[PDB]
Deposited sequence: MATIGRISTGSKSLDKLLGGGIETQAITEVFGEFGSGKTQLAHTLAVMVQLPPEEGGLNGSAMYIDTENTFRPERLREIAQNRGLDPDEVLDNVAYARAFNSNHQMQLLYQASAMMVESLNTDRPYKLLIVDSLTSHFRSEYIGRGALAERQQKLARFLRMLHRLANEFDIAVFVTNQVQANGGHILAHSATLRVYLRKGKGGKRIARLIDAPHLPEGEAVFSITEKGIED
């Protein structure tokens, strides 16, 4: 199935929202709504299909001090859900470095196979290239940097198809690419690699 984003125009642009067995990668800057969309999706996936979810749990790997469980409670409450249950169905791991990020995937895979009842159906990686770009400096290190990132990306695609989960990752300037940008006040515009406008609200992301 597909995980709805809450924004009818954004779901239209993605053809029913983000999809499992695929990797959706959003791009943009601080405030474009990458983390805001990620926190919303972590709540959406917990809903039944009539509401725009898959009756599943979420996983959030954080590499940029962006995880805010208070927002998750805020969205779940406003969208009519037990925010205490929502918080229990979100696994979270702060990656300290690139190697930690790679190892966390094994941990995720093992937890996913056990979950297969609310099975994990979404994996969020925010950010994805932060550690790689912060640890491998210069042209002489670019070869190892591109190799590790490609290996992580291969592991991600593997889990998406193996456990039929949706992988949503964030990035800055193989996968389904989306670009996010700010607009009128709290309004943000999404453009594929033609355009959809969403708004960040108390219920998360919506038209």
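According to the record, the deposited residues with no C-alpha atom in the structure span 1-4, 121-122, 180-190, 211-217.
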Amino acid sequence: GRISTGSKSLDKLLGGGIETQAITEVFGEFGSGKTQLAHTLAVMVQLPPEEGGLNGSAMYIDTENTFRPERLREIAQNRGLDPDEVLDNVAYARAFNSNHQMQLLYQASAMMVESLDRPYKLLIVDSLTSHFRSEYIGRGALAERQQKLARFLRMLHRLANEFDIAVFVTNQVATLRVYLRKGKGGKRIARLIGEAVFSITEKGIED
From here on, numbers count along this sequence of modelled residues.
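When 118-126 is weighed against 77-85, 77-85 comes out higher, by mean CA B-factor as recorded in the entry. 34-42 and 177-185 differ in mean CA B-factor, and the higher of the two is recorded for 177-185.
In the deposited entry, the Cα temperature factor of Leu10 sits in the top third of values across the chain's modelled residues. In this PDB entry, the Cα temperature factor of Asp62 sits in the bottom third of its chain's modelled residues, the lowest group. Sorting the modelled residues of the chain by their CA temperature factor places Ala22 in the middle third.
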